[PDB]
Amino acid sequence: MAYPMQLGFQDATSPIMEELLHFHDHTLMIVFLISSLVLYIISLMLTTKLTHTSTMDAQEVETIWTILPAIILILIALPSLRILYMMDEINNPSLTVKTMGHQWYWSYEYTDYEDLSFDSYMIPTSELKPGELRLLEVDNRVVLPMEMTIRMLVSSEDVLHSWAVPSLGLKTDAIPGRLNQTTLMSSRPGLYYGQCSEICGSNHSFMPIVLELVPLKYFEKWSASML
């Protein structure tokens, strides 16, 4: 989750999320550099009494300020597109979990073996336990095995929703009649939070996502106990 006065991304929980952090640092450096070049050149243009107001020839400086930017875009696209195709590679999940968006809560289905499914609703604020997070907690968390490749499938049974977990770098829209796939792999145990990310009506603000990542053996016993 996010903490007070956070400036940047939530710490990465998956290798792809870490990849995105470094790509963002790379791109942000270019962003700061170009904008500060522009602010600087502006202040430069504006701080002299010297004048030169006759027609000026553009027939050469346009080469520079067209090729330079072309080169910069390429320096961005290269790593951008390496990551894109990375997140598309074949991987072979150990486990498939479905989530279905609803107004206003998520349901989850783990049906590889048994028929396990349950609803996951926000903890109302008047019912939070001491130390729990307003708007973020759910009654039934998404328990998953850590250090394993998981295929998440996302759909909806009513309007659009979108299923997001920022620290894993995940956001997959939930569309009725469609089954969208993404993969999930946590490097660490713990609790990882997200929020519905497509406007869906009265309680769009209040249908969060909590993943609970634990060792496989605990996940198996948890599964069995939820039947």
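Residue positions are given as counts along the sequence shown, with the first one as 1.
Which has the higher mean CA temperature factor in the PDB entry, 36 to 44 or 160 to 168?
Averaging CA B-factors over each stretch, the winner is 36 to 44.
Highest mean C-alpha temperature factor of the two stretches 101 to 109 and 70 to 78, which is it?
According to the entry, 70 to 78 carries the higher average C-alpha B-factor.
Please work out which residue in 142, 90, 122, 154 has the highest C-alpha B-factor recorded for this crystal structure.
In this record, 90 carries the highest C-alpha B-factor of the candidates.
Residue with maximal Cα B-factor (values as given in the PDB entry) among 180, 59, 195, 202
Going by the entry's C-alpha B-factors, 59 comes out highest.
Going by the recorded CA B-factors, say which third of the chain residue 184 sits in, lowest, middle or highest.
It falls in the top third of the chain.
Ranking the modelled residues of this chain by C-alpha B-factor as given in the entry, is residue 117 in the lowest, middle or highest third?
As the PDB entry reports it, the C-alpha B-factor of residue 117 lands in the middle third of its chain.
Using the temperature factors of the C-alpha atoms in this entry, rank residue 95 within its chain: lowest, middle or highest third.
Answer is middle: the recorded C-alpha B-factor places it there.
Can you work out whether the C-alpha temperature factor of residue 16 puts it in the lowest, middle or highest third of the chain?
Highest third.
Residue 135 CA temperature factor, ranked by third within the chain
As the PDB entry reports it, the C-alpha B-factor of residue 135 lands in the lowest third of its chain.
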